[PDB]
Amino acid sequence: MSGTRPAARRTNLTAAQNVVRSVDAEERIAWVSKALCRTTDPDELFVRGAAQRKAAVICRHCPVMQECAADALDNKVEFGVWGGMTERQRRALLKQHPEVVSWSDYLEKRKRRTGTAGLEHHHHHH
């Protein structure tokens, strides 16, 4: 058995307010952080890149899924390399055979050619 809350453990509380001042015009700003790994933003570059050119404020990619799609102009694929070929056929064949150009080509034909194989009994009514 134990109590509903632990000790508050606040300590003698040093409450320090120290700041970096070797270059106090910049260092008083550069010392500020939200204590996360996130850094090297397009504005944050201006003291770090000594060339200090305006274009550094726009170094980031577009907010969209630009890579392997819009850079390629028209490679507008989704979830993987596929162009929306039928899921049951895609998933079965992808387990049997890696996603190389012969697999994707055959399934792009299968997307149109959905029917049964050319068996000896032939295609007809009952």
# chains A, B, ... in the order shown; residues from 1 in each chain; ligands from 1

call {"tool": "select_by_dssp", "arguments": {"residues": "chain A", "states": "alpha helix (DSSP H)", "output": "PyMOL selection string"}}
result
chain A and resi 27-30+87-96+101-110

call {"tool": "write_last_selection", "arguments": {"atoms": "N, CA, C and O atoms", "output": "short mmCIF file (atom, residue, chain, number, x, y, z; two decimals), in the first residue's frame"}}
result
data_model
loop_
_atom_site.label_atom_id
_atom_site.label_comp_id
_atom_site.auth_asym_id
_atom_site.auth_seq_id
_atom_site.Cartn_x
_atom_site.Cartn_y
_atom_site.Cartn_z
N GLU A 27 24.13 35.90 -30.13
CA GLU A 27 24.14 34.78 -29.17
C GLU A 27 22.95 34.79 -28.20
O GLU A 27 22.41 33.73 -27.89
N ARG A 28 22.46 35.97 -27.80
CA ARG A 28 21.23 36.12 -27.01
C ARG A 28 19.97 35.59 -27.71
O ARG A 28 19.06 35.12 -27.04
N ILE A 29 19.95 35.63 -29.05
CA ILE A 29 18.89 35.04 -29.88
C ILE A 29 19.14 33.54 -30.09
O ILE A 29 18.26 32.72 -29.83
N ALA A 30 20.36 33.18 -30.50
CA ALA A 30 20.75 31.80 -30.81
C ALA A 30 20.66 30.83 -29.60
O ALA A 30 20.40 29.64 -29.78
N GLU A 87 -6.20 -4.89 -56.87
CA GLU A 87 -5.52 -5.25 -55.61
C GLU A 87 -5.25 -6.75 -55.43
O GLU A 87 -4.13 -7.12 -55.10
N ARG A 88 -6.24 -7.62 -55.67
CA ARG A 88 -6.08 -9.08 -55.47
C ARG A 88 -4.98 -9.67 -56.36
O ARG A 88 -4.14 -10.44 -55.89
N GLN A 89 -4.95 -9.26 -57.64
CA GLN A 89 -3.90 -9.64 -58.59
C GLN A 89 -2.55 -9.01 -58.23
O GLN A 89 -1.54 -9.72 -58.17
N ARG A 90 -2.52 -7.71 -57.91
CA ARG A 90 -1.31 -6.96 -57.53
C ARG A 90 -0.62 -7.60 -56.32
O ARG A 90 0.55 -7.92 -56.39
N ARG A 91 -1.37 -7.82 -55.23
CA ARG A 91 -0.87 -8.33 -53.94
C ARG A 91 -0.35 -9.77 -54.06
O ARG A 91 0.75 -10.05 -53.59
N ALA A 92 -1.08 -10.64 -54.77
CA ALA A 92 -0.65 -12.01 -55.05
C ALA A 92 0.64 -12.07 -55.89
O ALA A 92 1.62 -12.71 -55.49
N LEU A 93 0.68 -11.35 -57.01
CA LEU A 93 1.84 -11.34 -57.90
C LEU A 93 3.06 -10.66 -57.27
O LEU A 93 4.17 -11.12 -57.47
N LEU A 94 2.87 -9.60 -56.47
CA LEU A 94 3.96 -8.89 -55.80
C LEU A 94 4.66 -9.74 -54.72
O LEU A 94 5.88 -9.65 -54.54
N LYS A 95 3.92 -10.62 -54.03
CA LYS A 95 4.50 -11.64 -53.13
C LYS A 95 5.31 -12.70 -53.90
O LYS A 95 6.36 -13.14 -53.42
N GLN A 96 4.84 -13.09 -55.08
CA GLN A 96 5.48 -14.08 -55.96
C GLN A 96 6.69 -13.54 -56.76
O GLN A 96 7.59 -14.32 -57.10
N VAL A 101 10.24 -3.88 -63.75
CA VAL A 101 9.43 -3.44 -64.90
C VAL A 101 8.57 -4.50 -65.61
O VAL A 101 7.50 -4.17 -66.12
N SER A 102 8.98 -5.78 -65.62
CA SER A 102 8.18 -6.88 -66.18
C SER A 102 6.92 -7.20 -65.36
O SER A 102 5.87 -7.50 -65.94
N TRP A 103 6.98 -7.07 -64.03
CA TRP A 103 5.84 -7.22 -63.12
C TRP A 103 4.81 -6.11 -63.28
O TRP A 103 3.61 -6.38 -63.46
N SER A 104 5.26 -4.85 -63.28
CA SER A 104 4.38 -3.69 -63.41
C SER A 104 3.74 -3.61 -64.80
O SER A 104 2.53 -3.37 -64.90
N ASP A 105 4.49 -3.90 -65.87
CA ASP A 105 3.97 -4.02 -67.24
C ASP A 105 2.86 -5.07 -67.41
O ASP A 105 1.77 -4.77 -67.90
N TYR A 106 3.11 -6.30 -66.94
CA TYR A 106 2.09 -7.35 -66.94
C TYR A 106 0.79 -7.00 -66.20
O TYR A 106 -0.31 -7.18 -66.74
N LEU A 107 0.90 -6.39 -65.01
CA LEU A 107 -0.26 -5.91 -64.26
C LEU A 107 -0.95 -4.70 -64.92
O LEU A 107 -2.17 -4.60 -64.84
N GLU A 108 -0.23 -3.81 -65.60
CA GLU A 108 -0.84 -2.72 -66.37
C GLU A 108 -1.69 -3.26 -67.54
O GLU A 108 -2.77 -2.75 -67.82
N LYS A 109 -1.25 -4.37 -68.17
CA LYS A 109 -2.06 -5.12 -69.15
C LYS A 109 -3.24 -5.83 -68.47
O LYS A 109 -4.36 -5.71 -68.93
N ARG A 110 -3.03 -6.48 -67.32
CA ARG A 110 -4.06 -7.16 -66.50
C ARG A 110 -5.18 -6.21 -66.04
O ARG A 110 -6.33 -6.63 -65.99
#

call {"tool": "residues_around", "arguments": {"residues": "stretch 55-61 of chain A", "least_positions_apart": "6", "cutoff": "9 Å", "atoms": "only C-alpha atoms", "output": "JSON, numbers by chain"}}
result
{"A": [41, 42, 43, 44, 45, 46, 49, 67]}

call {"tool": "atom_distance", "arguments": {"atom1": "atom CA of residue A:78", "atom2": "atom CA of residue A:99"}}
result
14.2 Å

call {"tool": "atom_distance", "arguments": {"atom1": "atom CA of residue A:34", "atom2": "atom CA of residue A:19"}}
result
15.0 Å

call {"tool": "closest_atom_pairs", "arguments": {"of": "stretch 4-102 of chain A", "to": "stretch 111-122 of chain A", "cutoff": "9 Å", "atoms": "only C-alpha atoms", "output": "tab-separated table"}}
result
residue	atom	partner	partner_atom	distance
A:84	CA	A:111	CA	8.2
A:85	CA	A:111	CA	5.2
A:86	CA	A:111	CA	6.1

call {"tool": "write_last_selection", "arguments": {"atoms": "N, CA, C and O atoms", "output": "short mmCIF file (atom, residue, chain, number, x, y, z; two decimals), in the first residue's frame"}}
result
data_model
loop_
_atom_site.label_atom_id
_atom_site.label_comp_id
_atom_site.auth_asym_id
_atom_site.auth_seq_id
_atom_site.Cartn_x
_atom_site.Cartn_y
_atom_site.Cartn_z
N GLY A 84 -2.39 1.87 -59.96
CA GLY A 84 -3.76 1.48 -59.58
C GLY A 84 -4.26 0.17 -60.20
O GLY A 84 -5.46 0.04 -60.46
N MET A 85 -3.37 -0.79 -60.47
CA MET A 85 -3.73 -2.15 -60.92
C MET A 85 -4.50 -2.92 -59.83
O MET A 85 -4.27 -2.69 -58.64
N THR A 86 -5.39 -3.84 -60.22
CA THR A 86 -6.32 -4.55 -59.32
C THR A 86 -5.69 -5.19 -58.08
O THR A 86 -4.77 -6.00 -58.22
#
